[PDB]
Each structure stands twice: as structure tokens, then as C-alpha cells.
Amino acid sequence: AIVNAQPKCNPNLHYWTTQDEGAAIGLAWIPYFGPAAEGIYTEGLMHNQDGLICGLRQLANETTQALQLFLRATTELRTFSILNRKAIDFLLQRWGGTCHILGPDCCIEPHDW
Amino acid sequence: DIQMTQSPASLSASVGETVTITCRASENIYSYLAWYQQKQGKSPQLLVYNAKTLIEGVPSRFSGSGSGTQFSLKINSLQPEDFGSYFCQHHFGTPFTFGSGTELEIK
Amino acid sequence: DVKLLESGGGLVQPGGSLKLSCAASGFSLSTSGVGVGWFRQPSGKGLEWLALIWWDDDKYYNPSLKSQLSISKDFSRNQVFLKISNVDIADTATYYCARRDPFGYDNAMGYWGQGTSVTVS
Amino acid sequence: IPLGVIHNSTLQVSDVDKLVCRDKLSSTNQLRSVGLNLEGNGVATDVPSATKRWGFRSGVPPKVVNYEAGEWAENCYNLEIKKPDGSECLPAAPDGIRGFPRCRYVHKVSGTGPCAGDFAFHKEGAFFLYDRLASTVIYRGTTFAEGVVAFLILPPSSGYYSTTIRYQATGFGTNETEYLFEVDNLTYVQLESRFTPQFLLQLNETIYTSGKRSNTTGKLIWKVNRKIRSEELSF
Amino acid sequence: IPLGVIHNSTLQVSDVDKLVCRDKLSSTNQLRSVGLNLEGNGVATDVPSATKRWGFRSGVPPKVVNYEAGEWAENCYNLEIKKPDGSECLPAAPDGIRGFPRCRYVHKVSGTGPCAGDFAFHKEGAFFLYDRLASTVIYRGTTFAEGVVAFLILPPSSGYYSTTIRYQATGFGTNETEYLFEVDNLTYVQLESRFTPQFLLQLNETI
Amino acid sequence: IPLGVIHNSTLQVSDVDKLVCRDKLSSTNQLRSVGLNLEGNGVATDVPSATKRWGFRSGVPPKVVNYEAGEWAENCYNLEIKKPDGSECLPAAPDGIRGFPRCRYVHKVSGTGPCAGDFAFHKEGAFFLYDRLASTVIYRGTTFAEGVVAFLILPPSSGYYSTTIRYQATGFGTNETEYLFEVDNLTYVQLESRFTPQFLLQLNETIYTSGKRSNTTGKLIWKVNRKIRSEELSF
Amino acid sequence: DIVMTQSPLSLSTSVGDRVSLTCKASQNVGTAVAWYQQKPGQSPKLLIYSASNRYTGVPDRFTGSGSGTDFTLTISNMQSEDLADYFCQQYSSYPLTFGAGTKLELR
Amino acid sequence: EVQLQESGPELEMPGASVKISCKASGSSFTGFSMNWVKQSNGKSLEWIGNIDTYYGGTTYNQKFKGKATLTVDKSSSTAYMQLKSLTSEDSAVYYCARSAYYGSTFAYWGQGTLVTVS
């Protein structure tokens, strides 16, 4: 539940991705028969359902500080990873705590009777 | 769908009198709010967006306010060109529900 | 009013190479579209074209001499240069660095440097 | 660094003291670091404003960061600018760098000036978006794609053929810097303010037709404002 | 990208709806990405067939991938080929790239021709295997090794000194190219088909 | 590779078959890879001893590793040494390398000799600490900061401006090698043994003051033992 | 490249004479032409601009004319100080070209 | 600046369908994915729908029963809506006007067209 950016926000995200689900032909899979490099990109346009995009722009805005401060702390030149580490800390905060039923963890199922 | 309302159904005022209009939404949408105005025989013009802010070229008299389920519009020192229909709108995704509407009247 | 200046290499053996230069002491040459260039008058002859240089990074050459001629510049010092491969006695001439004079319509270039000359031996 | 979690139709900060499992991180493909176009914040696209947004500073070495797929940019820039002595200015892009995948109007600049600084730097810290790597520095050549990046937790020829407006620079890295649009070997139009690439595009109505079209060995530089064109106002 | 779990005497694809603990991933050192030699599929070893298996295409920039080691290769290749104007063809290997450690018959090619493409590409998409980095492109110089990467979940000087047959190329980037073995500074033996590296090695009975 | 857990006021090695949850890895920021100064083991800092600690060997290619924040190094070294034919010796530092953040006395060497090997090699397997990257090899230019690294599981202008001592080398990579302190364009003093940077700093009591100060077209090189200064003992 | 000619190649003169000179181009210059004056030891100062206007700081005796391939330079009320080599140039196209030149001989 | 051109108001027979259209007066419409709204009988607005300006994909208010045909023709700078099964009670001002999620973009329709039946 966070506040939307105070910049005007353009809700229409005509966008592109490298995602391409499936592989109709193995030739697409083979680099020799692969698409021109820009061909990996695919495109569509997001609409701001549930107000998420303007909030996203604020998320990015706040993130330019959080991220760059981190980037200054990095020693890697091209910082290819980060989110993987975030997944690691998700798990570290989720696991190794005490956890039978009473602790607020482990997604405990209702007891069988 | 989010429901929206506005009041007073109309608001008479003398010219140069400050007025306010208020509106509500059935759920808190974190200020995805907007207001519009029109003269009779004229299309609505956006006045306000994002709850509290104004479309450029809207005079300083206007002021957006509130968030979520409760919000309002104030016009300081109302002028004759400003008497007209008013609307509110939902921007938290679609459909873009509108307020019940209000209209200014001249004293 | 620009103190366009001339400089260049000294006497050279024919079949040699020569570099010539000029500078605009009275003008930054920072206006976009400044045009400068060179021409020569061997033996009291008319205004043979040699080259054009623009502040907009445009270069032109007299194609008959272009095979042996190159334009260079050093704007930080308001400098213009020409280099000529295979210089020989046919290249001895009166020379001038030049600049647009009306400066911006119909060329008119027009404005002249101090004048320089080239000889061989 | 907090991430926005999409839940109950809203973004939520991930940096909380409870990892509620209402959202399940079933895989690493729910992770996102998507780039966003700076332009989508209502940020000015004037070529001079772009210059105004860059720091032009010598400094601590540049970094880039890997980021996720995101929105098309309408305006982006390519740069050939060099120091007044013809020295290279701004590092050439590093290997594997290419311009952003979908800018519709990549602007390009050429010419020289002091071109202050080493890496420039964005004044807001906005990332340049080259292809899939966000940057703290402006690279020569490839498209700048100014933008920002958000991290969130998840629950046809024109796509590259579009691109407009190339111009000369007079000076660089300072408020006095000027830019001139070039078409048909003609240099005109200071791009002073409020001119969309399309505003400029319609001015190709002048090429060999409505004014302009020199009858001389070369271009005369008309000023942007026939009033706009500043026909015959080159000097 | 599926992985095969080794259990109950068979490989099992990782994409199942339960991560059964009959096998335990006690550590990251059970992970494997071992390379396999393309040749182990009965794939032809003819020097021309190698050319027949290479795409010779201009294209999207090359990538390499870190992978676990692998089976010995009997045959692998080196390239010095340049375009007819003497231009370099195929990128030189990048630093840290080196030839596969255990090919028994690294083969080499030199000489010039059109050498079509810039990243070549394997026609099967098979990885070139350069030491611990698999590749989508042929690198100049260093040994290529053909193969594919398998990903699985785990529950002496002759080893590299073997290697034979270096040859000239007449033309390049086509299967019209002639390959000629060089011996005693003589260029002969078209290598067109059915010649093992040892078949070729015994030809030195003429030297 | 063992890591030390801090628990009950002592370090504990992590390479055990039981993971007791008395200690919890709540986040990745409890992990450390901190560098340590080799000198903190009582290791000699004499420039000749430093040469004695390096392998001077051609070999399997060098590697570096990212490491954590840690103690200041009092003595560290910079190298310009080249092979007798004037060829470069020891690889140049890799891009982004800079000298260690806190060396108090970086010792710099210049001159030539056989400079055996290509990768040197620390004889202890100790890592040179360049900025944030530990190394198996000596790099030219930037500060060596010899040291070791440990991994852990956790529960003013002088800070950079300090640095003294630069000297010539005669020969290299062998224990016949000679090193000569240089100040005020005077090369002097073989450095015997046991000379702190401060001992050597004290030798600047002779610069424009107590003796020395050659009266000739250039420096005369005194041979160290006024007895130490070895005034008029240049041959 | 483009042929340029001028005439008369020489003109005898006296004071008060109306000097007439012309410049011809093989190609249609369209008035992008200029005229120049020169004396030994001196640069060839600009006389005519855009086939008609005297260059500023040119005496008002000097006039010029024409369009297309034909242009002129004239001197009303000639003064002996006007003896000079005269030239013209084509600015409508390049490589740049110039007239064969003319001279004046007072006597 | 974009303006959404449309023909004047018109009488229709009952059961009529009407293909409403608007032509943008400029290029910005191409990224707009314009909204449709309605004022039946001069009443406060009902959102009607929107059409993607690149793909022509659409959404509509689910209270706008029987929807409308919705299409786009980017090459014509135009977008379309079609009224269905009309009755006099459906008389309304029909807007091609675009209600942006936020002020970063906007477009509107001033034509005043109303469809009526009898």
C-alpha cells in the first residue's frame, strides 16, 4: 500500500521484453538459425490497472537512491546480479527461526483432528 | 466496481465567494482521483488529477484535497466562468467511475 | 575585423611535403557555420581554389589537388591547417587563408589572411 | 534496497519485519528490476534540457547494472561529441553495449566543445538505459535512453526503424551550448524549446520546397523560432 | 532449462510437481553442468564434416557459458583462417579462453578464403567447448571441441600430449573448401572423407 | 572453505557436520570475507624481505578475489620494475584496480633487473590486497598490501595521505638485489635491514640540512651502514 | 571546373570614365556571385555581393549587375585610384571558380 | 494538438446501430489508447471503454450492457465505437474524449454529437 509518484505518470507502457514463451521450431533455438538480435524483443502495452504504474514510477524514483547507494558499495563493474541475492535473503529471513506452530512462520496448515 | 458520489447536488454562490465541493469513493484507492468541469453545452475538462493537484492552466483558485474514500475540491473566490457541472473520477485501474456530479449556481 | 594570421613550412625540396596554417586571432570562430578556406595565386594568377573548412565540421577540396591535400584544424587555438603530399615547384604560389566576409549569405569568402607563400628547392 | 510487492491490487514495500506468505516466491522469475523511461514522469525532452540534466563531471568510475524489460522510449540520444581540440569526450561504450531496444526518436549529436567531465553523470542520478544495462555514465555511440529502475515482486519494422533528429553542437557541457538540426546537408534550427521530433519532422516541408534550399555551394544557418523557419535570416 | 536427477538407476527430469527428498541436495557441489562430446553421438569426424556442421553466419554477438568438465574428445579443431584480403576471420579467443584439455586429435586449419559470417555458429547449436567455457562461436587459435551441456543432480602426459593433423584451407566458410594436410613443408591430402587421424598419421610412411 | 562463527566470545570454524541454530544467518550481511594485513603476523617489512617472500615464477594465470573491509596496512609496496632489456615485468594492474585504501607507508620501487617469472607468486600463498580485490599475483603500479583473508559469520586526511619511501632497485627477483632510498634527486642507502619507514624518514634530516646534498651535476650514492648516512662513502 | 571568363581583359582608362567589366559563367549562377579588386602586394578585396550590392566600405562609384550566367561590375566617374586587377567568383556551386581577371591601364 | 473530429448529432430509427468515429487532429493519439465516456440525457458521466491505439484491443464498462463495437484505425488517425439496438432512451452525448489515468497525457472530444432515436 504505497503512494503514487507525484510526477505526472504516463499509464500507457508500450513496452518490450526479451521474453518469448515456447519455441515453435528448433531452428529458432539454434543461434545459427536464430533471429536478428533485436528480434528477441517482443512487445505489448501495459495499462495502469489498479494504479500500479504510477506507484511503480515512484518505486523507481525511490529506488534510484537505494540502488545507486548500493551500486557505489559494489565492487563489480557491471553488477549483473542482485535479485538473486534478494531471493536468498527472503529465504534467510524465512528459515532457521524457531518454528513449530506458534512462531509466525512456515505457512502452517490447520491441525488435523 | 468502485462507487462514487458528490455533494451538495448544487452550490449557489456569489461571484468572488469561496466554495467547496466534496466527494466520496466506496474504497480507498490511494489518491487515484480526479475532477472535471464543464459549461452547459461543453465537454468536461480535467481540473484535477491525483487527488490534490491541478491540470496546467487551471487557475490558482482551485484546490484538490483528500485521498482514498474522501476528497474535495475548493475554489477560492469563485468566478463567473467557473459556474458549471463538476465530476470526480477513479483512476485506480478501470472502469473509471465518476462522481454523481454537482453544479454551481450564481447568487 | 579579424586578425587572421598566416603560418607555414619553409622552403622544401620538390617531391616533398608541406604543411600550412592559419589562425583567427580576432575571432573565436565559434559561431556555427563559420566558413574558412584557402586559395592561391601562383605567378600573379587568379584566385585558384584550394579548400573549405567549416566550424560545423565540413571539409571541401579542390579535386584537382585533393589527391595530395588534407584539411586539419585545432579549434581550441582557432587554428586551420593544410597538408600537401608530393609538393613540387608547380605548387609554388601566393596563398591566402580566408573567411566569409558577409558571413552567412551567398558565401562571399571573401575575407583574407595576411597572405603566405610557398617555394621549393 | 526495498522492492515493491504487488499484492491486494497495490504496491507494497518488501522491507518489512514479516514475510507474509500470502505472496509466494515460487520461482526466481517473479523477481523484477524493470527499467522505466524517465520521460514517463513528464520530464522534458528538449535537447537543451537533456544537457541541463547532465552533470558534466570528472569522477569516481562508472558502473552499470543489469535490469528487466520495460517501456519504449520516445526520445533518446546518440553522441559523437569531442573536446575543442578534437579529443574524444565521454568513454566509448564498453563491449556488448548497444542502444536501448525501443527508442522511437533517437536524437543524435555531433560537433565539439569543452565537453566537461569524464562520465558526465546524470544530475538526478537517473540511469542511462543501454540495451539491458542501466548506467551511471554516458557512453559514446549508443543510445542514452534516460530512465529509472524499479525492483518489484511478482505474484513491425518501425520497432527499430523509427528514429529522428540529428544535430550539430556548438560547444558542449555548458549553458551556452547550442544545437542545430540538420537535413539535406543544411544546418538550421537551434532547438531552443518545445520542439518535438515531430515538430521538427514537419519542417521537412522545406526541403527543396517551402523556403530554404540554398542556391549556393552550401548551407546557411536559419534560426528556429517562415517565422519559425527564419527563412533568409541566416545572418 | 531441465536438469536430470540421478536416482533409481535412471536420469529424471527436474520439472516435477514435488521435490522429493529421496535424493537430497545437501550442497551446491551436487550440481552439475557437465559437457558431452558431440562425437559420442556417432557424429562424423571428417574435417569437411566439421565444416558442414558450422553455420558460417554473421549475427548476434557470441556468448559463452560456464560448465562442468567432461568426456575426452577424440577430435577437435584450431583455426587460423583469414579472409582472402588477409582480414581476420572469427574473433580471437577472449582472455581466459583456452582449448579443451583432453582432445586426442586436435586438428588445425590455416590459409584463407571468404570465411563467411562473423560468429559462424554451430549448425546444431552444439557448443564449442573451450576448457570450462562452452561457446556459441568459434574462436581463433585455441581448440574448439564440439559438444553439448547436460545438467544433472548428483546424489599421464599423454592425456593432453596426443593430437594430430594440421592443414591448409583453400577457400573458407563453404563446404567447397579444400583441406590439405601439411607434412615436411608439403601440402597434400584433401581429407575429404573416412580418414581417421591415425589413417592420416600413417601416411608419414612416405616421408 | 571454513568460515568463523563468532560465538561465546570466540571464533568457531564452520566446516562441521552440524548446523546449530544458536547462531542464525538472518541475512547475507552477516557474512564476511575480511582482508588481514600480513604484517599483523609479525612479518618483516624490509623491502629485501618482501622480495624474499615472492616466488618470481612464470605460471598458471593469476586470479583475484573480492574481499571485505579490514585493518589498515602499515607497509605496502608499488612497483615499476622491468627486465634488463627494458621489457615490462609483472602484469599491469587490471581495470578498476587502485591501491589499498589505508596503507600508511607504501614503498615504491623503480629500476631494472632480471625480475624473474611472470606472476611472481606470494610464497605464503598470501594475497596482495589491491583495493577490494585480493590477488595471487603482483600487479604493476598500484599498492600490494600483502595480506590474508578470512571468512566470518557475524551475529584524518592522513588515512590516505600517509605514505613514505621510494627507491631504486639493482637487479630484481633475487636476493642479490639492492634497493636504494631516494630523496631530493639523490639516490642513497641500501636500507640494510630493520629500517622502519620512519627510520628512513629520519634520514631526511640530511636533506638541505645535515650533510649530503651533492655538489655535482647529480647525485652521489652513499653506501649505508654520519656512519649510517655514510657521508662521502659513495664508493 | 565550371568555366568563368571576364572582359575586357584590359581597359585603357582616364578619370571620369565609366568602367565596364563583365563576368560569364558556363553554369547558371543565379546571382550567387561576387566581384573582387586587387593590387600587387594586396588581398583581392570584395566589391560585389549577390551580383549587385557593393560590399560595405566599397566606394559608391562601384556598381554591379545581372543574373543567371551574366554579371557586371562598373565604376561611375572612375578615379585613377581605381586601377586594379579585377575578378569574380561563382558561389552557386563548387568547386569554386573565378573569372579570368581584368586589368585597367590609365593613359 | 489532438482534437477528436466527429459529425453533428443525428436522428435514428429504433433498433439502429451507429458507428461512431473520431479522427484525431494529430500524432499524439498514437500512444493514447483512447477512452470513451457517455452522458445520457446530460447526466453525469459513465465510463464506456477504451481502445488500444496500437493493437485495437479493448475494454468496456461492464455496466454498459451490450457494449459497443470498438475498433481503431491508426492509419486514418481515427477510432470507432458502434451503438447497438438503439431506442430514444439511449439519447446521449457520446464522447470519444480521453480520460487519462493521469495528467501526463490527455485528449478530449468537444464535438458535442448526440445520437437520438424516433
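Residues numbered from 1 in each chain as written, not as in the entry; some residues may be left out. Chains lettered and ligands numbered in written order. Part of a larger assembly, values for the part shown. Heavy atoms only, no water. Residues with missing side-chain atoms left out of burial classes, pairs and counts.

Judging from the entry metadata, cryo-EM is the method by which this structure was determined, and 4.3 Å is the reported resolution.

A word on the UniProt feature "disulfide bond" in chain D. Residues and elements named next belong to chain D. UniProt pairs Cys 76 with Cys 103 in a disulfide, and the structure agrees, placing their sulfur atoms 2.0 Å apart, under the 2.5 Å limit. Of this pair, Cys 76 sits in strand β8 (residues 73-79) while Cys 103 sits in strand β9 (residues 103-112), and the two are 27 residues apart along the sequence. Neither residue differs from the other here; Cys 76 and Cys 103 are each classed as buried. Here the bond UniProt gives for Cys 89 and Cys 115 holds up, since the two sulfurs are only 2.0 Å apart. Here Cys 89, found in the loop between β8 and β9, pairs with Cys 115, found in the loop between β9 and β10 (120-122); they are 26 residues apart in sequence, far enough to count as distant. Accessibility classification places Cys 89 together with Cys 115 in one group, the buried group. (Disulfide = S-S within 2.5 Å. UniProt positions renumbered as here; feature names shortened; annotations may be inferred. Helix = DSSP H or I, 4+ residues; strand = E, 2+ residues; numbered from the N terminus. Buried < 20%, exposed > 50% of the residue type's maximum accessible area, 1.4 Å probe, protein only.)

Let us look at the state of the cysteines. Tallied over the full model, the rule gives 13 disulfides over all chains. Disulfide partner of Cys76(E): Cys103(E), at an S-S distance of 2.0 Å. One disulfide, between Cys76(E) and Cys103(E), carries an S-S torsion of -80° and so falls in the left-handed class. With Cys76(E) in strand β7 (residues 73-79) and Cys103(E) in strand β8 (residues 103-112), this pair connects stretches of sequence that are 27 residues apart. Per residue, the accessibility class of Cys76(E) equals that of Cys103(E), and both read buried. The disulfide partner of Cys89(F) is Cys115(F), and the gap between their sulfur atoms is 2.0 Å. Of note, the bridge from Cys89(F) to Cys115(F) carries an S-S torsion of about -85° and is left-handed in sense. Just so you know, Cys21(E) is unpaired, no disulfide at all, and the nearest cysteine sulfur is the one on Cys106(A), 16 Å from it. Judged by relative accessible area, which is 68%, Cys21(E) ranks as exposed. With no disulfide partner, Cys21(F) has as its closest neighbouring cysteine sulfur the one in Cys99(A), 11 Å distant. Look at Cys21(F) and you get exposed, because its relative accessible area is 55%.

So, on to the interface of chain A and chain D. In this assembly, 47 residues from chain A lie in contact with 51 residues from chain D. Buried area between chain A and chain D, both sides added, is near 4,500 Å², and the carbon and sulfur share of it is 66%. In terms of surface lost to chain D, no three residues of chain A exceed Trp16(A), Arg78(A) and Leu83(A), which account for 17% of the buried area on that side. Notably, a salt bridge pairs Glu71(D) with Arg57(A), separated by 2.9 Å at the nearest N-O pair. For the pair chain A and chain D, the number of links is 22 residue pairs in polar contact. Of all the secondary structure elements, the ones that give two or more residues to the side of chain A that touches chain D are β1 (13-17), α2 (52-73) and α3 (83-94) of chain A. Sort the elements by how many residues they give to the side of chain A that touches chain D and α2(A) lands first, with 15 residues. Taken together, the residues of the side of chain A that touches chain D break down into 25 nonpolar, 12 polar and 10 charged. Bridging between β1(A) and strand β7 (residues 70-71) of chain D involves two bridges; their strand directions are antiparallel. Pairing of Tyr15(A) across the sheet is with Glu71(D), part of β7(D). (Contact = heavy atoms within 4.5 Å. Buried area = accessible area lost by both parts, 1.4 Å probe. Salt bridge = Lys/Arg side-chain N within 4 Å of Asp/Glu carboxyl O. Polar contact = N/O pair within 3.5 Å; in protein donor to acceptor, adjacent residues only side chain to side chain. Nonpolar A, V, L, I, M, F, W, Y, C, P; charged D, E, K, R; others polar. Pairing = 2+ DSSP bridges.)

Attention now moves to the sheet that holds strand β7 (residues 62-65) of chain G. Residue and element names in this part refer to chain G. Spatially, β1-β3-β8-β7 is the arrangement adopted by the four strands of the open sheet, whose pairing is antiparallel. Both edges of this open sheet fall to β1 (4-7) and β7, since each of them pairs with a single strand only. Across the sheet, the mean angle from the axis of one strand to that of its neighbour is 15°, orientation sign disregarded. Looking at chain direction, strand β3 (residues 19-25) and strand β8 (residues 70-75) are connected through six bridges and run antiparallel. Bridging across to β8, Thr 22 finds its partner in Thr 72. (Axes fitted to C-alpha atoms, helices over the stretch in contact; angles between N-to-C directions.)

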